[PDB]
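This report concerns only the one structure given below.
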Amino acid sequence: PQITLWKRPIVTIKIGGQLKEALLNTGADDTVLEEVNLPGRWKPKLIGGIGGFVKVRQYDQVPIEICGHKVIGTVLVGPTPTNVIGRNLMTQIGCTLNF
Amino acid sequence: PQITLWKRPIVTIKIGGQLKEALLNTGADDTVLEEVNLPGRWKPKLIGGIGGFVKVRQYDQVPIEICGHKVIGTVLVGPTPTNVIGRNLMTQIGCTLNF
Amino acid sequence: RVXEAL
């Protein structure tokens, strides 16, 4: 699909057997979700945005289906005003900017 | 051009006669820069991101050339960790996400 | 409004 930018580029994902929506975010290196629950071990991490830093759990090799495309990568779980898919997953689906 | 997401989608801009780099950010509604000197009147605004919220100046109708494409629109000036081109300007240059 | 690194 081609997605224009007149509205926020939001897509439906499935992760951990649950359905969420999330913003395709070229401004984000990493993928950050809240209130998903992933199984197993994680590592504590801190991520930074516009107004400061937050603590997140880092999970590796998490299966995520992103607008009907199956991918595996790192998923960070923590406080965020909104769910974000970052470049680490976007490259996996072959997502580009075009102008 | 087409820009893949294996690294940060950073472009060169000219704004108010100064040259800057900025990150093409589908996750930002608005365009936020630091250390730019815009002329004239402006209104205080607060923007939010991950980590919390930042006080900014809002300037309307600011010419800005973004990868050699001339557009006009709202530019926010305030403490950001990186300069961001938002969707408000990206739609003006015809920028889309493709996968 | 304006979305991350480190």
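Residues in the structure tokens are numbered from 1 in each chain, the chains being A, B, ... in the order shown, and ligands are numbered from 1 in the order shown.
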Given a cut-off of 7 Å, which residues of chain B touch chain C, counting only C-alpha atoms, written out as a ChimeraX atom specification?
/B:27-30,47-50
Would you put the residues from that selection into a file with N, CA, C and O atoms, as an mmCIF file, in the first residue's frame?
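File out_26.cif, as written:
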data_model
loop_
_atom_site.group_PDB
_atom_site.id
_atom_site.type_symbol
_atom_site.label_atom_id
_atom_site.label_comp_id
_atom_site.auth_asym_id
_atom_site.auth_seq_id
_atom_site.Cartn_x
_atom_site.Cartn_y
_atom_site.Cartn_z
ATOM 1 N N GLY B 27 5.875 10.250 12.512
ATOM 2 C CA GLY B 27 5.299 10.203 13.859
ATOM 3 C C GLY B 27 5.052 11.578 14.489
ATOM 4 O O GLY B 27 4.612 11.680 15.637
ATOM 5 N N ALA B 28 5.359 12.648 13.770
ATOM 6 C CA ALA B 28 5.106 14.007 14.312
ATOM 7 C C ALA B 28 4.004 14.689 13.494
ATOM 8 O O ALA B 28 4.073 14.725 12.241
ATOM 9 N N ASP B 29 3.015 15.247 14.184
ATOM 10 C CA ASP B 29 1.986 16.016 13.496
ATOM 11 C C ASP B 29 2.539 17.331 12.984
ATOM 12 O O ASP B 29 2.094 17.822 11.920
ATOM 13 N N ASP B 30 3.479 17.874 13.766
ATOM 14 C CA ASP B 30 4.038 19.216 13.596
ATOM 15 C C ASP B 30 5.572 19.202 13.365
ATOM 16 O O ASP B 30 6.225 18.201 13.583
ATOM 17 N N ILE B 47 3.900 21.100 23.269
ATOM 18 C CA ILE B 47 3.727 19.903 22.489
ATOM 19 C C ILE B 47 4.120 18.701 23.316
ATOM 20 O O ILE B 47 5.005 18.785 24.196
ATOM 21 N N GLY B 48 3.514 17.571 22.990
ATOM 22 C CA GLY B 48 3.862 16.368 23.724
ATOM 23 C C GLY B 48 4.545 15.298 22.903
ATOM 24 O O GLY B 48 4.336 15.152 21.720
ATOM 25 N N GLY B 49 5.379 14.536 23.545
ATOM 26 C CA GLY B 49 5.923 13.381 22.840
ATOM 27 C C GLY B 49 6.127 12.318 23.871
ATOM 28 O O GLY B 49 5.570 12.400 24.959
ATOM 29 N N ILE B 50 6.953 11.337 23.535
ATOM 30 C CA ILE B 50 7.339 10.370 24.530
ATOM 31 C C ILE B 50 8.276 11.083 25.503
ATOM 32 O O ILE B 50 9.164 11.864 25.108
#
Could you name the residues that touch residue B:57 at 7 Å or less, counting only C-alpha atoms, but leaving out those on the same chain fewer than 6 positions away, as a PyMOL selection string?
chain B and resi 42-45+76-78
Take the selection from the previous step and output its residues with N, CA, C and O atoms, as a PDB file, in the first residue's frame.
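File written: out-v4.pdb
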ATOM      1  N   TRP B  42       4.824  35.460  17.373  1.00  0.00           N
ATOM      2  CA  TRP B  42       4.703  34.024  17.547  1.00  0.00           C
ATOM      3  C   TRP B  42       3.818  33.785  18.732  1.00  0.00           C
ATOM      4  O   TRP B  42       3.702  34.660  19.587  1.00  0.00           O
ATOM      5  N   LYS B  43       3.213  32.602  18.812  1.00  0.00           N
ATOM      6  CA  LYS B  43       2.392  32.266  19.989  1.00  0.00           C
ATOM      7  C   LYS B  43       2.939  31.091  20.799  1.00  0.00           C
ATOM      8  O   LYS B  43       3.431  30.126  20.215  1.00  0.00           O
ATOM      9  N   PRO B  44       2.896  31.179  22.152  1.00  0.00           N
ATOM     10  CA  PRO B  44       3.390  30.060  22.961  1.00  0.00           C
ATOM     11  C   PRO B  44       2.508  28.813  22.760  1.00  0.00           C
ATOM     12  O   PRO B  44       1.268  28.926  22.563  1.00  0.00           O
ATOM     13  N   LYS B  45       3.137  27.636  22.695  1.00  0.00           N
ATOM     14  CA  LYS B  45       2.374  26.387  22.599  1.00  0.00           C
ATOM     15  C   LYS B  45       3.112  25.269  23.338  1.00  0.00           C
ATOM     16  O   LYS B  45       4.315  25.393  23.611  1.00  0.00           O
ATOM     17  N   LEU B  76       7.403  25.195  14.608  1.00  0.00           N
ATOM     18  CA  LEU B  76       7.529  25.347  16.077  1.00  0.00           C
ATOM     19  C   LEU B  76       9.005  25.366  16.426  1.00  0.00           C
ATOM     20  O   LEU B  76       9.794  24.525  15.936  1.00  0.00           O
ATOM     21  N   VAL B  77       9.372  26.282  17.329  1.00  0.00           N
ATOM     22  CA  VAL B  77      10.741  26.428  17.759  1.00  0.00           C
ATOM     23  C   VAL B  77      10.857  26.225  19.269  1.00  0.00           C
ATOM     24  O   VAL B  77      10.236  26.943  20.033  1.00  0.00           O
ATOM     25  N   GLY B  78      11.666  25.257  19.694  1.00  0.00           N
ATOM     26  CA  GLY B  78      11.772  24.939  21.113  1.00  0.00           C
ATOM     27  C   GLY B  78      12.729  23.788  21.345  1.00  0.00           C
ATOM     28  O   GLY B  78      13.272  23.229  20.374  1.00  0.00           O
TER      29      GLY B  78
END
Which residues of chain A are close to chain B, meaning at most 8 Å apart when you count only C-alpha atoms, and how do they look as a PDB file with N, CA and C atoms, in the first residue's frame?
ATOM      1  N   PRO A   1       0.832  -1.202   0.000  1.00  0.00           N
ATOM      2  CA  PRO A   1       0.000   0.000   0.000  1.00  0.00           C
ATOM      3  C   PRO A   1       0.863   1.248   0.000  1.00  0.00           C
ATOM      4  N   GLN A   2       0.314   2.317  -0.572  1.00  0.00           N
ATOM      5  CA  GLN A   2       0.838   3.640  -0.406  1.00  0.00           C
ATOM      6  C   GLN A   2      -0.017   4.345   0.654  1.00  0.00           C
ATOM      7  N   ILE A   3       0.625   5.083   1.567  1.00  0.00           N
ATOM      8  CA  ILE A   3      -0.085   5.771   2.628  1.00  0.00           C
ATOM      9  C   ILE A   3       0.314   7.253   2.506  1.00  0.00           C
ATOM     10  N   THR A   4      -0.656   8.152   2.355  1.00  0.00           N
ATOM     11  CA  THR A   4      -0.299   9.584   2.324  1.00  0.00           C
ATOM     12  C   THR A   4      -0.299  10.067   3.775  1.00  0.00           C
ATOM     13  N   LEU A   5       0.072  11.320   3.984  1.00  0.00           N
ATOM     14  CA  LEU A   5       0.331  11.803   5.335  1.00  0.00           C
ATOM     15  C   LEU A   5      -0.638  12.873   5.800  1.00  0.00           C
ATOM     16  N   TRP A   6      -1.788  12.997   5.118  1.00  0.00           N
ATOM     17  CA  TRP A   6      -2.836  13.983   5.531  1.00  0.00           C
ATOM     18  C   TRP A   6      -3.465  13.650   6.877  1.00  0.00           C
ATOM     19  N   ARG A   8      -2.787  10.682  10.352  1.00  0.00           N
ATOM     20  CA  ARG A   8      -1.743   9.855  10.940  1.00  0.00           C
ATOM     21  C   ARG A   8      -1.708   8.476  10.316  1.00  0.00           C
ATOM     22  N   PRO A   9      -0.498   7.959  10.011  1.00  0.00           N
ATOM     23  CA  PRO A   9      -0.406   6.660   9.368  1.00  0.00           C
ATOM     24  C   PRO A   9      -0.500   5.459  10.342  1.00  0.00           C
ATOM     25  N   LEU A  23       1.291   3.596  15.244  1.00  0.00           N
ATOM     26  CA  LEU A  23       1.644   4.651  14.301  1.00  0.00           C
ATOM     27  C   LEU A  23       2.985   4.291  13.612  1.00  0.00           C
ATOM     28  N   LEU A  24       2.956   4.213  12.289  1.00  0.00           N
ATOM     29  CA  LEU A  24       4.193   4.057  11.485  1.00  0.00           C
ATOM     30  C   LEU A  24       4.965   5.363  11.639  1.00  0.00           C
ATOM     31  N   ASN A  25       6.117   5.247  12.300  1.00  0.00           N
ATOM     32  CA  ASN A  25       6.877   6.342  12.838  1.00  0.00           C
ATOM     33  C   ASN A  25       8.325   6.313  12.335  1.00  0.00           C
ATOM     34  N   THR A  26       8.580   6.995  11.210  1.00  0.00           N
ATOM     35  CA  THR A  26       9.952   7.178  10.696  1.00  0.00           C
ATOM     36  C   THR A  26      10.882   7.947  11.634  1.00  0.00           C
ATOM     37  N   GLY A  27      10.324   8.683  12.605  1.00  0.00           N
ATOM     38  CA  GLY A  27      11.102   9.394  13.649  1.00  0.00           C
ATOM     39  C   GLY A  27      11.551   8.516  14.830  1.00  0.00           C
ATOM     40  N   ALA A  28      11.183   7.257  14.785  1.00  0.00           N
ATOM     41  CA  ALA A  28      11.513   6.350  15.871  1.00  0.00           C
ATOM     42  C   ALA A  28      12.470   5.241  15.375  1.00  0.00           C
ATOM     43  N   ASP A  29      13.663   5.161  15.972  1.00  0.00           N
ATOM     44  CA  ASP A  29      14.559   4.007  15.759  1.00  0.00           C
ATOM     45  C   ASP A  29      13.909   2.677  16.150  1.00  0.00           C
ATOM     46  N   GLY A  48      14.494   7.800  24.729  1.00  0.00           N
ATOM     47  CA  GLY A  48      14.322   9.255  24.858  1.00  0.00           C
ATOM     48  C   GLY A  48      13.434   9.797  23.761  1.00  0.00           C
ATOM     49  N   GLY A  49      12.602  10.749  24.116  1.00  0.00           N
ATOM     50  CA  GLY A  49      11.819  11.426  23.086  1.00  0.00           C
ATOM     51  C   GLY A  49      11.878  12.917  23.311  1.00  0.00           C
ATOM     52  N   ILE A  50      10.929  13.621  22.690  1.00  0.00           N
ATOM     53  CA  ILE A  50      10.854  15.096  22.701  1.00  0.00           C
ATOM     54  C   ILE A  50      10.999  15.749  24.103  1.00  0.00           C
ATOM     55  N   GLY A  51      10.252  15.207  25.082  1.00  0.00           N
ATOM     56  CA  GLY A  51      10.121  15.778  26.453  1.00  0.00           C
ATOM     57  C   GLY A  51      10.806  15.006  27.594  1.00  0.00           C
ATOM     58  N   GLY A  52      11.622  14.019  27.247  1.00  0.00           N
ATOM     59  CA  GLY A  52      12.420  13.324  28.241  1.00  0.00           C
ATOM     60  C   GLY A  52      12.602  11.850  27.924  1.00  0.00           C
ATOM     61  N   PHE A  53      12.862  11.045  28.969  1.00  0.00           N
ATOM     62  CA  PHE A  53      13.130   9.622  28.837  1.00  0.00           C
ATOM     63  C   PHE A  53      12.057   8.804  29.609  1.00  0.00           C
ATOM     64  N   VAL A  54      11.814   7.560  29.186  1.00  0.00           N
ATOM     65  CA  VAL A  54      10.989   6.635  29.965  1.00  0.00           C
ATOM     66  C   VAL A  54      11.651   5.249  30.066  1.00  0.00           C
ATOM     67  N   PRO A  79       5.460   3.112  28.929  1.00  0.00           N
ATOM     68  CA  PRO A  79       4.686   4.358  28.759  1.00  0.00           C
ATOM     69  C   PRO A  79       4.896   5.113  27.452  1.00  0.00           C
ATOM     70  N   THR A  80       3.838   5.200  26.672  1.00  0.00           N
ATOM     71  CA  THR A  80       3.921   6.014  25.504  1.00  0.00           C
ATOM     72  C   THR A  80       2.534   6.529  25.193  1.00  0.00           C
ATOM     73  N   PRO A  81       2.423   7.817  24.826  1.00  0.00           N
ATOM     74  CA  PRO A  81       1.108   8.365  24.563  1.00  0.00           C
ATOM     75  C   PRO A  81       0.435   7.581  23.452  1.00  0.00           C
ATOM     76  N   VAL A  84       3.839   2.853  18.772  1.00  0.00           N
ATOM     77  CA  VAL A  84       4.710   3.209  17.629  1.00  0.00           C
ATOM     78  C   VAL A  84       5.410   1.991  17.022  1.00  0.00           C
ATOM     79  N   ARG A  87      11.712   2.159  12.950  1.00  0.00           N
ATOM     80  CA  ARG A  87      12.398   1.736  11.735  1.00  0.00           C
ATOM     81  C   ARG A  87      12.850   0.253  11.763  1.00  0.00           C
ATOM     82  N   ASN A  88      13.086  -0.300  12.974  1.00  0.00           N
ATOM     83  CA  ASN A  88      13.644  -1.639  13.137  1.00  0.00           C
ATOM     84  C   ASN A  88      12.637  -2.632  12.537  1.00  0.00           C
ATOM     85  N   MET A  90       9.981  -1.416  10.367  1.00  0.00           N
ATOM     86  CA  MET A  90       9.613  -0.868   9.058  1.00  0.00           C
ATOM     87  C   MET A  90      10.485  -1.368   7.921  1.00  0.00           C
ATOM     88  N   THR A  91      11.778  -1.530   8.183  1.00  0.00           N
ATOM     89  CA  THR A  91      12.699  -2.073   7.200  1.00  0.00           C
ATOM     90  C   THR A  91      12.384  -3.514   6.891  1.00  0.00           C
ATOM     91  N   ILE A  93       9.340  -4.735   6.823  1.00  0.00           N
ATOM     92  CA  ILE A  93       8.259  -4.843   5.866  1.00  0.00           C
ATOM     93  C   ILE A  93       8.567  -4.193   4.517  1.00  0.00           C
ATOM     94  N   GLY A  94       9.790  -3.689   4.349  1.00  0.00           N
ATOM     95  CA  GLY A  94      10.141  -2.970   3.159  1.00  0.00           C
ATOM     96  C   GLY A  94       9.519  -1.570   3.013  1.00  0.00           C
ATOM     97  N   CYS A  95       9.183  -0.913   4.125  1.00  0.00           N
ATOM     98  CA  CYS A  95       8.620   0.428   4.084  1.00  0.00           C
ATOM     99  C   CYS A  95       9.641   1.528   3.714  1.00  0.00           C
ATOM    100  N   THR A  96       9.253   2.441   2.791  1.00  0.00           N
ATOM    101  CA  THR A  96      10.064   3.611   2.365  1.00  0.00           C
ATOM    102  C   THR A  96       9.303   4.962   2.393  1.00  0.00           C
ATOM    103  N   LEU A  97      10.047   6.058   2.462  1.00  0.00           N
ATOM    104  CA  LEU A  97       9.477   7.361   2.164  1.00  0.00           C
ATOM    105  C   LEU A  97       9.741   7.720   0.720  1.00  0.00           C
ATOM    106  N   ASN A  98       8.756   8.357   0.079  1.00  0.00           N
ATOM    107  CA  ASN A  98       8.813   8.657  -1.340  1.00  0.00           C
ATOM    108  C   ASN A  98       8.279  10.079  -1.509  1.00  0.00           C
ATOM    109  N   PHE A  99       9.032  10.934  -2.194  1.00  0.00           N
ATOM    110  CA  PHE A  99       8.511  12.257  -2.617  1.00  0.00           C
ATOM    111  C   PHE A  99       9.084  12.754  -3.949  1.00  0.00           C
TER     112      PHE A  99
END
If you run DSSP on the backbone, which residues of chain B are strand (DSSP E), as a ChimeraX atom specification?
/B:2-4,10-15,18-24,32-33,43-49,52-66,69-77,84-85,96-98
Pairwise distance for atom CA of residue A:13 and atom CA of residue A:65, rounded to one decimal in Å:
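Atom CA of residue A:13 sits 5.4 Å away from atom CA of residue A:65.
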So the first atom is atom CA of residue A:73 and the second is atom CA of residue A:60; what is the distance between them in Å, to one decimal place?
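Going from atom CA of residue A:73 over to atom CA of residue A:60, I get 6.1 Å.
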I need the residues in stretch 23-93 of chain B that are alpha helix (DSSP H) according to DSSP; give them as a PyMOL selection string.
chain B and resi 87-90
